[PDB]
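Text of work-v5.pdb, listed as PDB, C-alpha atoms (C1' of nucleotides) and all ligand atoms:
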```
ATOM      1  CA  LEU A   1      40.497 123.202 -18.325
ATOM      2  CA  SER A   2      37.356 124.272 -16.463
ATOM      3  CA  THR A   3      35.963 121.831 -13.910
ATOM      4  CA  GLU A   4      32.440 122.388 -15.248
ATOM      5  CA  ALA A   5      33.609 121.661 -18.801
ATOM      6  CA  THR A   6      35.385 118.489 -17.668
ATOM      7  CA  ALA A   7      32.266 117.355 -15.800
ATOM      8  CA  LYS A   8      30.091 118.010 -18.858
ATOM      9  CA  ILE A   9      32.480 116.059 -21.097
ATOM     10  CA  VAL A  10      32.566 113.155 -18.624
ATOM     11  CA  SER A  11      28.766 113.106 -18.427
ATOM     12  CA  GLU A  12      28.480 113.220 -22.221
ATOM     13  CA  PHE A  13      31.050 110.521 -23.045
ATOM     14  CA  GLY A  14      31.200 108.160 -20.043
ATOM     15  CA  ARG A  15      28.625 105.847 -18.497
ATOM     16  CA  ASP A  16      28.291 106.708 -14.785
ATOM     17  CA  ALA A  17      29.641 110.291 -15.103
ATOM     18  CA  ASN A  18      32.342 109.256 -12.608
ATOM     19  CA  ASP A  19      34.718 106.936 -14.504
ATOM     20  CA  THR A  20      36.482 110.014 -15.997
ATOM     21  CA  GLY A  21      39.319 107.765 -17.192
ATOM     22  CA  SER A  22      37.918 106.096 -20.289
ATOM     23  CA  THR A  23      39.682 106.376 -23.635
ATOM     24  CA  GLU A  24      36.769 108.305 -25.146
ATOM     25  CA  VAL A  25      36.674 110.726 -22.202
ATOM     26  CA  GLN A  26      40.428 111.340 -22.368
ATOM     27  CA  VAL A  27      40.330 111.859 -26.144
ATOM     28  CA  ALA A  28      37.417 114.292 -25.817
ATOM     29  CA  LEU A  29      39.199 116.259 -23.078
ATOM     30  CA  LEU A  30      42.405 116.447 -25.126
ATOM     31  CA  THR A  31      40.474 117.536 -28.225
ATOM     32  CA  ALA A  32      38.637 120.232 -26.262
ATOM     33  CA  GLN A  33      41.917 121.519 -24.825
ATOM     34  CA  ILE A  34      43.545 121.557 -28.278
ATOM     35  CA  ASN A  35      40.581 123.426 -29.770
ATOM     36  CA  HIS A  36      40.659 125.954 -26.914
ATOM     37  CA  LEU A  37      44.413 126.491 -27.358
ATOM     38  CA  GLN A  38      43.985 126.955 -31.123
ATOM     39  CA  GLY A  39      42.984 130.561 -30.454
ATOM     40  CA  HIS A  40      45.776 130.990 -27.908
ATOM     41  CA  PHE A  41      48.487 129.896 -30.364
ATOM     42  CA  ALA A  42      46.992 131.960 -33.203
ATOM     43  CA  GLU A  43      48.157 135.108 -31.362
ATOM     44  CA  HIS A  44      51.149 134.064 -29.216
ATOM     45  CA  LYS A  45      53.282 132.442 -31.907
ATOM     46  CA  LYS A  46      56.446 132.556 -29.742
ATOM     47  CA  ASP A  47      55.135 130.309 -26.956
ATOM     48  CA  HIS A  48      56.876 127.013 -27.731
ATOM     49  CA  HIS A  49      57.200 126.347 -23.985
ATOM     50  CA  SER A  50      53.412 125.904 -23.919
ATOM     51  CA  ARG A  51      53.264 124.479 -27.460
ATOM     52  CA  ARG A  52      55.253 121.466 -26.241
ATOM     53  CA  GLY A  53      52.360 120.618 -23.911
ATOM     54  CA  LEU A  54      49.989 120.873 -26.859
ATOM     55  CA  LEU A  55      52.225 118.511 -28.846
ATOM     56  CA  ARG A  56      52.319 116.087 -25.888
ATOM     57  CA  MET A  57      48.513 116.154 -25.718
ATOM     58  CA  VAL A  58      48.378 115.480 -29.467
ATOM     59  CA  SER A  59      50.689 112.479 -29.077
ATOM     60  CA  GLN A  60      48.656 111.121 -26.153
ATOM     61  CA  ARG A  61      45.424 111.514 -28.126
ATOM     62  CA  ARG A  62      46.977 109.772 -31.137
ATOM     63  CA  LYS A  63      48.122 106.855 -28.969
ATOM     64  CA  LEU A  64      44.683 106.564 -27.351
ATOM     65  CA  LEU A  65      42.983 106.661 -30.760
ATOM     66  CA  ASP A  66      45.322 103.951 -32.069
ATOM     67  CA  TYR A  67      44.574 101.775 -29.032
ATOM     68  CA  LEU A  68      40.827 102.316 -29.470
ATOM     69  CA  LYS A  69      41.042 101.497 -33.186
ATOM     70  CA  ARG A  70      42.981  98.301 -32.416
ATOM     71  CA  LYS A  71      40.587  97.218 -29.642
ATOM     72  CA  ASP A  72      37.078  98.276 -30.763
ATOM     73  CA  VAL A  73      36.732  99.883 -34.198
ATOM     74  CA  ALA A  74      33.013 100.549 -33.679
ATOM     75  CA  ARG A  75      33.633 102.942 -30.775
ATOM     76  CA  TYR A  76      36.585 104.596 -32.540
ATOM     77  CA  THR A  77      34.503 105.406 -35.625
ATOM     78  CA  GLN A  78      31.679 106.839 -33.513
ATOM     79  CA  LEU A  79      34.128 108.909 -31.452
ATOM     80  CA  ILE A  80      35.865 110.394 -34.494
ATOM     81  CA  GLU A  81      32.522 111.086 -36.188
ATOM     82  CA  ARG A  82      31.231 112.859 -33.065
ATOM     83  CA  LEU A  83      34.436 114.875 -32.547
ATOM     84  CA  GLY A  84      34.791 115.792 -36.226
ATOM     85  CA  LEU A  85      38.254 114.256 -36.554
ATOM     86  CA  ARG A  86      39.577 112.757 -39.788
ATOM     87  CA  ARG A  87      41.900 109.996 -38.525
TER      88      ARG A  87
ATOM     89  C1'   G B   1     124.725 238.804 -72.327
ATOM     90  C1'   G B   2     120.799 235.007 -74.298
ATOM     91  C1'   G B   3     115.478 233.551 -76.318
ATOM     92  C1'   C B   4     110.927 236.078 -79.064
ATOM     93  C1'   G B   5     110.060 240.080 -81.922
ATOM     94  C1'   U B   6     110.788 245.499 -84.456
ATOM     95  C1'   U B   7     113.161 246.630 -89.363
ATOM     96  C1'   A B   8     108.735 244.844 -94.760
ATOM     97  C1'   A B   9     100.633 245.051 -96.538
ATOM     98  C1'   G B  10      96.679 242.879 -95.725
ATOM     99  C1'   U B  11      91.614 241.868 -96.627
ATOM    100  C1'   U B  12      87.174 240.459 -99.332
ATOM    101  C1'   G B  13      84.971 237.198-103.577
ATOM    102  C1'   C B  14      85.834 233.658-107.660
ATOM    103  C1'   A B  15      88.426 228.977-109.441
ATOM    104  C1'   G B  16      91.653 225.165-107.898
ATOM    105  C1'   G B  17      95.230 221.776-104.548
ATOM    106  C1'   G B  18      95.155 219.957 -99.398
ATOM    107  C1'   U B  19      92.907 219.184 -94.129
ATOM    108  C1'   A B  20      88.768 218.642 -90.275
ATOM    109  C1'   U B  21      83.464 217.395 -89.129
ATOM    110  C1'   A B  22      79.445 214.784 -91.312
ATOM    111  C1'   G B  23      78.247 207.883 -94.481
ATOM    112  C1'   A B  24      82.811 210.834 -97.355
ATOM    113  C1'   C B  25      85.860 206.976-104.002
ATOM    114  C1'   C B  26      82.232 202.406-104.385
ATOM    115  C1'   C B  27      80.274 197.259-102.920
ATOM    116  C1'   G B  28      80.962 193.363 -99.220
ATOM    117  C1'   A B  29      80.801 191.118 -93.454
ATOM    118  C1'   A B  30      80.607 187.672 -89.459
ATOM    119  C1'   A B  31      78.117 190.472 -85.480
ATOM    120  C1'   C B  32      75.069 194.218 -81.194
ATOM    121  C1'   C B  33      70.536 196.609 -79.522
ATOM    122  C1'   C B  34      65.106 198.035 -79.700
ATOM    123  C1'   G B  35      60.094 197.073 -81.187
ATOM    124  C1'   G B  36      56.982 193.333 -83.164
ATOM    125  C1'   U B  37      55.356 187.984 -85.871
ATOM    126  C1'   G B  38      55.438 182.921 -85.094
ATOM    127  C1'   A B  39      53.979 175.821 -80.908
ATOM    128  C1'   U B  40      49.245 174.776 -88.315
ATOM    129  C1'   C B  41      56.696 171.488 -88.775
ATOM    130  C1'   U B  42      58.984 170.046 -84.403
ATOM    131  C1'   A B  43      59.953 169.677 -78.148
ATOM    132  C1'   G B  44      57.016 169.311 -73.824
ATOM    133  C1'   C B  45      52.151 169.650 -71.236
ATOM    134  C1'   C B  46      46.479 169.676 -70.902
ATOM    135  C1'   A B  47      41.329 168.519 -72.511
ATOM    136  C1'   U B  48      38.267 165.316 -75.573
ATOM    137  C1'   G B  49      37.798 160.843 -79.081
ATOM    138  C1'   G B  50      39.706 156.811 -82.020
ATOM    139  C1'   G B  51      43.402 152.428 -83.231
ATOM    140  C1'   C B  52      46.433 148.018 -82.219
ATOM    141  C1'   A B  53      44.244 141.258 -87.493
ATOM    142  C1'   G B  54      45.820 136.602 -86.056
ATOM    143  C1'   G B  55      48.555 132.886 -83.553
ATOM    144  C1'   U B  56      51.403 131.558 -78.467
ATOM    145  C1'   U B  57      53.680 130.248 -72.907
ATOM    146  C1'   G B  58      50.669 130.110 -68.836
ATOM    147  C1'   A B  59      51.633 134.274 -62.899
ATOM    148  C1'   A B  60      48.772 135.677 -58.562
ATOM    149  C1'   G B  61      44.259 133.669 -57.053
ATOM    150  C1'   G B  62      39.768 130.084 -56.664
ATOM    151  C1'   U B  63      37.235 125.329 -55.786
ATOM    152  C1'   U B  64      38.178 119.215 -55.168
ATOM    153  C1'   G B  65      40.595 115.197 -52.530
ATOM    154  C1'   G B  66      44.127 113.693 -49.462
ATOM    155  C1'   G B  67      48.849 116.131 -45.714
ATOM    156  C1'   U B  68      49.345 118.596 -40.799
ATOM    157  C1'   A B  69      46.581 119.250 -33.480
ATOM    158  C1'   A B  70      46.547 123.539 -37.848
ATOM    159  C1'   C B  71      49.162 127.240 -40.853
ATOM    160  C1'   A B  72      52.551 125.488 -44.123
ATOM    161  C1'   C B  73      53.510 122.103 -47.957
ATOM    162  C1'   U B  74      51.998 119.374 -52.026
ATOM    163  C1'   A B  75      48.505 116.518 -57.082
ATOM    164  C1'   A B  76      44.765 117.712 -61.006
ATOM    165  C1'   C B  77      41.098 121.307 -62.854
ATOM    166  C1'   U B  78      39.938 126.255 -63.468
ATOM    167  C1'   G B  79      41.654 131.001 -63.763
ATOM    168  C1'   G B  80      44.147 134.682 -67.904
TER     169        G B  80
HETATM  170 MG    MG C 101     119.591 243.863 -72.637
HETATM  171 MG    MG C 102      95.371 240.484-103.304
HETATM  172 MG    MG C 103      89.797 225.439 -99.967
HETATM  173 MG    MG C 104      51.607 182.667 -80.411
HETATM  174 MG    MG C 105      44.328 139.201 -80.588
END
```

When written as structure tokens, how does the structure in this file appear?
Amino acid sequence: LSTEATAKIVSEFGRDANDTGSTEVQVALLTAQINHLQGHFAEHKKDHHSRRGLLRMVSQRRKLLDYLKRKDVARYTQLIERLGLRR
RNA sequence: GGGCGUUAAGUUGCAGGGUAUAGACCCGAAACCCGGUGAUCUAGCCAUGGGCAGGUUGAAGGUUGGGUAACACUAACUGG
């Protein structure tokens, strides 16, 4: 992912624009990467070697979302509403 | 010597018997060729119009909500 894009996401989701390790920041980065690779996997359908990384990112995002939902539901709902997710 | 002849009158008309060529005592074919008439029936094609009551199952597809990182998949409705 682009360094400028990562910096923009960190500034948008974090507090001091330097934590860059919060659950919301990680989920946003994973979602952005998945959405960017959506167009890559819509053409190269025989790229399972890179699709495994996408699946790993999906699993990591799901685990982070479950942890956020278990810890603070208020932040989880706001994050999913902002990112357009459904669960 | 042997074969063919010599030694011995035919021809022209009429009538008739017979033969040949023509259809040839008479009727009767399936069939061949040439020139014409027929697609108002029927076979096909083209152009232009008309007709198929009523009652049935419910395909592709299209929204809705979930189900996927999303395509798939799947529930109802609609669709005809
Ligand atoms: Mg002599
Ligand atoms: Mg005489
Ligand atoms: Mg005579
Ligand atoms: Mg005619
Ligand atoms: Mg009818």

Counting only C-alpha atoms (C1' of nucleotides) and all ligand atoms, which residues of chain B fall within 12 Å of ligand MG 101 (chain C), and what is the closest atom pair for each with its distance in Å at one decimal, ordered by chain and rising number, as JSON lines?
```
{"residue": "B:1", "atom": "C1'", "partner": "C:MG101", "partner_atom": "MG", "distance": 7.2}
{"residue": "B:2", "atom": "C1'", "partner": "C:MG101", "partner_atom": "MG", "distance": 9.1}
{"residue": "B:3", "atom": "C1'", "partner": "C:MG101", "partner_atom": "MG", "distance": 11.7}
```

>> Could you list, as a PyMOL selection string, all residues that come within 10 Å of ligand MG 102 (chain C)? Count only C-alpha atoms (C1' of nucleotides) and all ligand atoms.
In response: chain B and resi 9-12

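Based on only C-alpha atoms (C1' of nucleotides) and all ligand atoms, the protein and nucleic acid residues found within 9 Å of ligand MG 105 (chain C) are, by chain and then by number, residues 53, 54 and 55 of chain B.
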
Each residue of chain B with at least one atom at most 12 Å from ligand MG 103 (chain C) should appear once, together with its nearest atom pair and the corresponding distance in Å (one decimal); atoms considered: all atoms listed in the file; ordering: chain, then increasing residue number; output as a Markdown table.
```
| residue | atom | partner | partner_atom | distance |
| --- | --- | --- | --- | --- |
| B:14 | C1' | C:MG103 | MG | 11.9 |
| B:15 | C1' | C:MG103 | MG | 10.2 |
| B:16 | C1' | C:MG103 | MG | 8.1 |
| B:17 | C1' | C:MG103 | MG | 8.0 |
| B:18 | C1' | C:MG103 | MG | 7.7 |
| B:19 | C1' | C:MG103 | MG | 9.1 |
| B:20 | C1' | C:MG103 | MG | 11.9 |
```

> Selected by the PyMOL selection byres (((not hetatm)) within 12 of (chain C and resi 104)) in the shown coordinates: which residues, as a list in words?
Replying inline: residues 37, 38, 39 and 40 of chain B

Please determine an axis-aligned box that encloses all atoms of segment 44-63 of chain A listed in the file, with 3 Å added on each side, and express its centre and edge lengths in Å to one decimal as AutoDock Vina command-line options.
```
--center_x 51.3 --center_y 120.5 --center_z -27.9 --size_x 17.8 --size_y 33.2 --size_z 14.0
```

>> Using only C-alpha atoms (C1' of nucleotides), I'd like every residue of chain B that has an atom within 10 Å of chain A; please write them out as an MDAnalysis selection string.
In response: chainID B and resid 69:71

> Which residues come within 8 Å of residue 23 of chain A, counting only C-alpha atoms (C1' of nucleotides), excluding same-chain residues fewer than 5 positions away, as a ChimeraX atom specification?
Replying inline: /A:64-65,68

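A straight line drawn from atom CA of residue 14 of chain A to atom CA of residue 51 of chain A is 28.4 Å long.
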
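Between atom CA of residue 10 of chain A and atom CA of residue 25 of chain A lies a distance of 6.0 Å.
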
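In this model, the gap between atom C1' of residue 61 of chain B and atom CA of residue 41 of chain A comes to 27.3 Å.
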
>> I need the output of the PyMOL selection byres (((chain A and resi 13) around 12) and not hetatm) for this file as an MDAnalysis selection string; which residues are they?
In response: chainID A and resid 6:12 14:29 75 78:79 82:83

>> Once the PyMOL selection byres (((chain B and resi 80) around 10) and not hetatm) is applied to the coordinates I shared, what remains selected? I want it as a ChimeraX atom specification.
In response: /B:58-59,79
